[PDB]
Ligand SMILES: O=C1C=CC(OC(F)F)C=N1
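Let's start with one chain on its own, the form solved without the ligand, as structure tokens.
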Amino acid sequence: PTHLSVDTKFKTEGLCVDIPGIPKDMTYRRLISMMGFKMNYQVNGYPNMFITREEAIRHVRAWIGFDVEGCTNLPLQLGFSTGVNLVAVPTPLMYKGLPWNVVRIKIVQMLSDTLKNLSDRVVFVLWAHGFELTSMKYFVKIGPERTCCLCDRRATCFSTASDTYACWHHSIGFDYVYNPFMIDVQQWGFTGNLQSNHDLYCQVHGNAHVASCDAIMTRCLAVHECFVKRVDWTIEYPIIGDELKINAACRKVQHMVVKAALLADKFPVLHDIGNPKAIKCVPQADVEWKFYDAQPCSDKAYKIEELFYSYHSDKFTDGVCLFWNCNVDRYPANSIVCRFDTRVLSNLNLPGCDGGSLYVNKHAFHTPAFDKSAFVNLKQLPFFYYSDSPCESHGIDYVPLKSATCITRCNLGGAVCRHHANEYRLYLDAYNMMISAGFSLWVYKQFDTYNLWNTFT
């Protein structure tokens, strides 16, 4: 129960229009052989080109939808979920017809640039009809598991010019994809074609009829099945960037913003709606803290009418509501909100289904599409740093800080002390880290930082 057995059956029905006469009885072992690959009883970490659904989910950062549409004398259109379309000749980025020896070079360049900061491998996500599997021998080479010639990462590319192997970071000028993975979505038990199944859940990807459109719809449908309709928050993903800093920044911003709203507007009660594991972000606040459980929505954003109504203080209008990563359709006017913006471009955020995005930071979270109208009763929360801690350096070099948003006793009394200048700059860094990761902060309209200066009287 580790890898997908080569002796597992492969339903070949989807393959019979490009490959008429294909045997109904078929295994992975016979399919790989038919694709032109020899596995030679090799016990070297590459037991099968095809992988299980569970392995595909653990390597979601490696997913690249691939589709081949025909144009012996058949020129092929090679579509990738990066939006790239290459034309191979036997001899929405649309490239003219070229022979395989140059096409394979462009393929290694594209996958290397797309994946070097995401994953140690490639997973071709297919809706297999025939031509994509038969085309693989023209750009893929297989063998035992290898390491890069320039480093210790696993080898993902091969060069017939130098006879060496490279990872995605060192494969400049390499021509073959080495030991790729693949999964046929059509093997999951679907009725109807790709578009009919895709269009049931997503109105964002259309069918222009080019190979890359299908490659996009395939990866999208695969993401919906594995992360929208089925959610598994137990699967851990490796650290590939600023994960730890972003998470630390998020907890610092939360404490700061909630601590200041309770000081400025002195709400008697706070309704904390979201994560059933949540802890009081401001443990020393006077306020009555009431929790309401709601797991992260992955399909559509929660309707505020279902979260609140149907008969808890019952009066959510009393006090303030804290929606920290709790994605609802329209926030009530008395709210403190942290909403992830799915449009953000990063190595942590991968494209999702129906405008949503798959945010992968320790765990995978499909987030519904960012909608500006959710925030009509609120305003954008401005940057501010508040601190009531004593001015005492205790224990890096200095330049005097001058800022209208440093809300401290020292700034009230004229000059900012070294301690609050160091802490203000660290907090500004954490804030910029969090904003740039895609998170966006919103607050009730009466929120004024001018009300914080009187907490120094």
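Note that residue numbering begins at 1 and tracks the sequence as displayed. Only residues modelled in both forms are compared. So that the term is clear: the rigid core is the largest set of C-alpha atoms that superpose within 1.5 Å between two forms.
Below, we refer to the form solved in complex with the ligand, which is not included among the displayed structures.
Backbone and C-beta atoms of the displayed form come within 2.4 Å of three or more atoms of the ligand after its pose in the bound PDB entry is superimposed, which defines the site as blocked. The single contact residue among 226, 374, 381, 142, judged by any heavy atom lying within 4.5 Å of the ligand in the bound PDB entry, is 142. In summary, among the residues 57, 51, 32, 430, the only one with a non-hydrogen atom within 4.5 Å of the ligand in the bound PDB entry is 32.
Mapping the unseen interface onto this chain, residue 394 falls outside it, with no heavy atom inside 4.5 Å of the ligand in the bound PDB entry.
In the bound PDB entry, none of the heavy atoms of residue 390 sits within 4.5 Å of a heavy atom of the ligand.
In the bound PDB entry, no residue of 360-389 lies within 4.5 Å of the ligand by any heavy atom. Taken over residues common to both forms, the rigid core alignment between the shown form and the other one yields 42-44 as the one run of three or more consecutive residues whose Cα atoms shift by 2 Å or more.
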